[PDB]
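Student: Pasting a structure below so you can have a look.
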Amino acid sequence: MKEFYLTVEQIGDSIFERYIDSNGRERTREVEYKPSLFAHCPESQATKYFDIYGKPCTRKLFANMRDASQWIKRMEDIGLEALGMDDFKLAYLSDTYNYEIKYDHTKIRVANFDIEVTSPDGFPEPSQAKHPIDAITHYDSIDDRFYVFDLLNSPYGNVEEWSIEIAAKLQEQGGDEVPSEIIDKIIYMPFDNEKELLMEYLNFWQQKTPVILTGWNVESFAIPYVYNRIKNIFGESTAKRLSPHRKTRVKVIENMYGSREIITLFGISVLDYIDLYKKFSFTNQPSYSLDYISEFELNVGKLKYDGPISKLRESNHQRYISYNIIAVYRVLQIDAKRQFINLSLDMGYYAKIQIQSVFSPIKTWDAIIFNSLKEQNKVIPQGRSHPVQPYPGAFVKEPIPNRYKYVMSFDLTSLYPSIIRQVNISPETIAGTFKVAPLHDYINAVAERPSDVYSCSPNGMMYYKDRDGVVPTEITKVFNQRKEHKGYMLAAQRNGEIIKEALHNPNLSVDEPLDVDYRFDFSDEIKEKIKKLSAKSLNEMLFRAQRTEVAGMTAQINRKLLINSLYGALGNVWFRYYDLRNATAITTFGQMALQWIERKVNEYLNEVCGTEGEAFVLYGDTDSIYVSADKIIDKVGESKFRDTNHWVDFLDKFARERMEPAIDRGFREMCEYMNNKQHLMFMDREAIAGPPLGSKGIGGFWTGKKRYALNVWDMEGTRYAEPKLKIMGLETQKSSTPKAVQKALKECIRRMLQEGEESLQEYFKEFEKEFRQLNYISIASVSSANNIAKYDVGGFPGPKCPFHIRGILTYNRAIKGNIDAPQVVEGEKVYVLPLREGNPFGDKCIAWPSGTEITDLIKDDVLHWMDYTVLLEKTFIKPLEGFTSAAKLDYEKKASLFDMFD
DNA sequence: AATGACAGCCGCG
DNA sequence: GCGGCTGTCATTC
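Residues in the first sequence are numbered consecutively from 1, following the deposited numbering.
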């Protein structure tokens, strides 16, 4: 087996590495790594090393990392560049694994854990770990077992042991409904006292020290807690045992509102699933509780237990422990689906970095380029420090608020990475600059052509066309790799077809599968064995095919991720290859591109429609343009179409056959104009929207930049059975909006786009007529309560007190002096309802804990005093008018016309 | 980032 | 008594 690393750390002058060896054993070693760095040297001094600028460098080998560091400070002092990889861990890795890392995840220990802490006085702060750890469930990937540690006695109660039998039973039979798939993988361990528990858990941790440490919120609660808990009860000494190198640091991070500390365990890679999810799920969620996310992903969350959590251990210790077991399992299921732990490993080993550095694009790319240049005996630039200066972004067309019956959109392919390749932008391919004309000038092609020797950008930058830069080369390398593994896609999948096709008539014999790699499309030169196959073959020849075929999907998706994160690093001052001029070159060029094609499209459609100066592109944005098909559908007449699907195809054909060509023609012109190194500006029809043929629907509308809704029928070739609404930017998409209301608003938008004015008006009247019968929770708006105290002045609203926070105050006053009432905690979200003047709460509104019913101590009055009128007006009506006004509809009959003036 | 609820502040017999 | 702004607090893209 080819050896691969697990974790690497630098402690002093030595590197500590944990790795899987030739025989698959987990080993660990200390290495007095001797790093090498480079300095510029005179021409005479012949060497094999050169910097990305072609200048000669001499390799300086140091006695130990300390010296290398000190040397860099010195050089820095004097003012001379110190070249080479300053992050020795990365160099050590690159040196020790001078090849393509092939890792066997089966040998990598991935732990998934969660603990429980009974705390009667509020959230158990991890920085203090005041209360005992009541329970711990720790799942190990190597053993595929859940190890449970149950504390049977604590100052908060003495409970009985947990029953695996009771746990497996059904809810109705008084069970916990712990899945049968894990019911056998549970190892229970009850403890008489906490000290015995923590001590045995620490031992357990030494026998099975995690390589990858995950869980949910584990790095901001579980680890810090267990760390400080053991620290206080035994001493920082024994607490350090949590780290395989007994070295730990307390990192303190200051966020949006405050600050929180987290523990760094040298020798372990912490991949908190909440961060994993947040970074790779690519989806904004109203809440990140494991409960919400699990429900969303797995369609099921966590045991609906009764009573508060603080008293759940005492009241029902049975449930309490099972609740902890299933909490761990859930994350494991979510990962079983999303596969983020594996995606991380895959990306880490490809870039040869610490697996946790997956969260940093800067670090990921820095390594990817370092290793690439090192193979060519080139030396990376010294990371320079730059001033965070803002810079020009993308261009967003100000759209004319209105309805748009027919719309067709086109997107540019990976604009930024493409622009970097087309123009050939890189820190070392900068040729020079040139007199810059106003951007509009270049968009209309009236400004003087920049140059005829160098590739240019509308911002004034010129790049060499001869040599390919370091950056564009790496992205292309990645771009290619993508289509390389996606070439292995239909080479193990699409090919796994001669297997399911030959599976209908399996010859009767006892033969084994044709043991040969599938990655490559099988041929009749060896795979000729089609019928000779039996039943245990064909059926086995589509496991491997599909087993690896998917493995490709991991590479393709990961390549997409680096490709999309590259611009990220590039426009970031801490990046080794950042350059304000290049960052601007990229965005400015894009600015031009989108508005250039906008011009071209408008010119084309106007000519082919025989009109003059008609604006066909109604809205542009970064890399998308939306065209109004109205004029096109009219050149035929809606009457000439059989049904809806009829004009959809018409448009699809028109776009592909007439527009696509016009567009590419236009961009080639632009590439020549800027004398770019390569034409890579590609645009594809994306969506086709409009109303059902013969309906009174308006098809779509725009409120303003980034705010629209379209009734789409075909998306990039894929035609939907039922039209899907594409809504970007409106209330219907904000969690702050009451559920029942996002519902109604969605229905409103729908009836507007597909049914028409009269329909909307009908639904409006009905919704408003049954508003008062809706459940008080579904009609309340939700908000995040930050800095509650900030505006608290004796339980009353201070100056400039936000409406929802002022609501919190009225609630605090309403329950002040009754510990049995749910507390509104800082940072958390709260439900908010208005209250009709003269209410016993003394204020205009009242808020309470989100996701929960309001305490019955005030429930009956809040229900009697809530202001339905105001509630409706502010949450429902106001936003609706925002849509209808734009689309020129009325959601109510008899509305004067002179409203839309002044 | 830009679009939007609330807050108080100015302005005009 | 309530349009015109600028200053918070929020939310999603």
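Here a beta-carbon is modelled for each residue, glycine too, at the ideal position from N, C-alpha and C.
1. Fully enclosed by the stretch 448 to 493, which alpha helix (DSSP H) runs are 4 residues long or longer?
2. At a cut of 8 Å, does the stretch 455 to 470 reach the stretch 603 to 616 through at least three beta carbon pairs?
3. Going by the DSSP bridge assignment, what does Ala821 pair with across the sheet?
4. Check the C-beta distance from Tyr273 over to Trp216 and give it rounded, since I have them as a contact under 8 Å.
5. Using beta-carbon positions only, say whether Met866 and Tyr776 come within less than 8 Å of one another.
6. Starting from the C-beta of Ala535, find all residues in its chain whose C-beta is less than 6 Å away, skip the five residues before and the five after it, and write them out in chain order.
7. Looking at C-beta atoms only, is the number of pairs between the stretch 411 to 420 and the stretch 677 to 693 that lie closer than 8 Å three or more?
8. Does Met674 come out as helix, strand or coil in the three-state DSSP assignment?
9. Measure the alpha-carbon distance for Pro224 versus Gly235 and round it to whole angstroms.
10. Taking the alpha-carbon of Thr137 as reference, which of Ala129, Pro42, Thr214 and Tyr19 has the nearest alpha-carbon?
11. If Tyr891 and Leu760 are in contact, beta carbons under 8 Å, what's the gap, nearest whole angstrom?
12. For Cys748, which of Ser357, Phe876, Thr737 and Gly817 has the nearest alpha-carbon?
13. Would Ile563 and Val423 qualify as a contact pair, given that the criterion is a beta-carbon distance under 8 Å?
14. By Cβ distance, which residues of its chain are closer than 6 Å to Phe370, with the 5 residues on each side in sequence left out?
15. With distances taken between CB atoms, is the gap from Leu242 to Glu194 smaller than 8 Å?
16. Write down the C-beta distance between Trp848 and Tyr811 rounded to the nearest angstrom, noting that I regard them as a contact closer than 8 Å.
17. Does the Cβ-Cβ distance between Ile808 and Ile788 come in under 8 Å?
18. Quick one: what's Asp140 bridged to in DSSP?
19. Counting C-beta neighbours from all protein chains within 10 Å, is the total for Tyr720 16 or more, i.e. buried, or is it exposed?
20. Flag this pair as touching only if the stretch 247 to 260 and the stretch 130 to 148 have three or more C-beta atom pairs under 8 Å; answer yes or no.
21. For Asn786, which of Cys801, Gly827 and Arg751 has the nearest alpha-carbon?
22. Nearest by alpha-carbon distance to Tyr201: which of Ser418, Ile230, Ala91 and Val211 is it?
23. Would you decide whether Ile625 is buried or exposed? Buried here means 16 or more other CB atoms lie within 10 Å of its CB.
24. Please work out which residues of its chain come closer than 7 Å, Cβ to Cβ, to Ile633, disregarding the five sequence neighbours upstream and downstream, and give them in chain order.
25. Taking just the CA atoms, how far does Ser850 sit from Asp856?
26. Can you tell which of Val226, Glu314, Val396 and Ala327 has its C-alpha closest to the C-alpha of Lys304?
27. In the DSSP assignment, the alpha helix (DSSP H) including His864 goes from what residue to what residue?
28. Along the chain, where does the alpha helix (DSSP H) containing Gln206 start, and where does it finish?
29. Determine, using beta carbons only, whether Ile586 and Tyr604 come nearer to each other than 8 Å.
30. Use the C-beta contact count for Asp51: other C-beta atoms within 10 angstroms, 16 or more gives buried, fewer gives exposed.
31. To the nearest angstrom, how far is it from the Cα of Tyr53 to the Cα of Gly432?
32. Quick one: complete alpha helix (DSSP H) runs, 4+ long, within the stretch 648 to 711?
33. Rounded to whole angstroms, what is the Cα-Cα separation between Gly666 and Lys600?
34. What residue range is occupied by the uninterrupted beta strand (DSSP E) comprising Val510?
35. For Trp848, name the three-state secondary structure that DSSP assigns.
36. What does the Cβ neighbour count give for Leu680, buried or exposed, with the cut at 16 atoms within 10 Å?
Tutor: To lay it out plainly:
1. Given a length threshold of 4 residues, each whole run of the alpha helix (DSSP H) inside the stretch 448 to 493 is given here in chain order: 470 to 485.
2. No, the stretch 455 to 470 is not in contact with the stretch 603 to 616.
3. According to DSSP, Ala821 shares a beta bridge with no other residue.
4. Between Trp216 and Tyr273 the Cβ distance is about 5 Å, and since that is below 8 Å, they are a contact.
5. Closer than 8 Å, so yes.
6. The residues are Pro506.
7. The stretch 411 to 420 is in contact with the stretch 677 to 693.
8. Of the three classes helix, strand and coil, the one that applies to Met674 here is coil, per DSSP.
9. Those two C-alpha atoms are separated by around 14 Å.
10. The shortest C-alpha separation from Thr137 is found at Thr214.
11. Contact flag correct, Cβ pair sits at about 5 Å.
12. The shortest C-alpha separation from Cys748 is found at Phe876.
13. For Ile563 and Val423, no; Cβs fall outside 8 Å.
14. Close CB contacts of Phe370 within its chain, under the 6 Å cut and outside five residues either way in sequence, are with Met85 and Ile380 (chain order).
15. Not a contact, by the Cβ cut-off of 8 Å.
16. About 5 Å; that satisfies the 8 Å criterion.
17. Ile788 is positioned such that its CB atom lies closer than 8 Å to that of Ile808.
18. BP columns for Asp140 point to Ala111 and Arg145.
19. Counting C-beta atoms within 10 angstroms of its own C-beta, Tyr720 has fewer than 16 neighbours from the protein chains shown and is therefore classed as exposed.
20. Short answer: they don't touch.
21. By alpha-carbon distance to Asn786, the top candidate from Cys801, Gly827 and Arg751 is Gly827.
22. It is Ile230.
23. Under this definition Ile625 is a buried residue.
24. Contacts found: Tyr406 and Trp647.
25. If you take the alpha carbons of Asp856 and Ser850, they lie about 15 Å apart.
26. When C-alpha distances from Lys304 are compared across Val226, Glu314, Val396 and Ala327, the shortest belongs to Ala327.
27. Element bounds for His864: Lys859 to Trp865.
28. Under the DSSP assignment, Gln206 falls in the alpha helix (DSSP H) whose first and last residues are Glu194 to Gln207.
29. Taking 8 Å as the Cβ cut-off, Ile586 and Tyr604 do not qualify as a contacting pair.
30. With at least 16 other beta carbons inside 10 angstroms of its own, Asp51 counts as buried.
31. Spanning the two alpha carbons is a distance of roughly 15 Å.
32. Whole alpha helix (DSSP H) segments, 4+ residues: 660 to 673.
33. Taking the Cα positions, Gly666 is about 6 Å away from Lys600.
34. No residue range can be given for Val510, since it is assigned to no beta strand (DSSP E) and is classified by DSSP as neither H nor E.
35. DSSP places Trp848 within a strand segment (E or B) once states are collapsed to three.
36. With 16 or more other Cβ atoms within 10 Å, it is buried.
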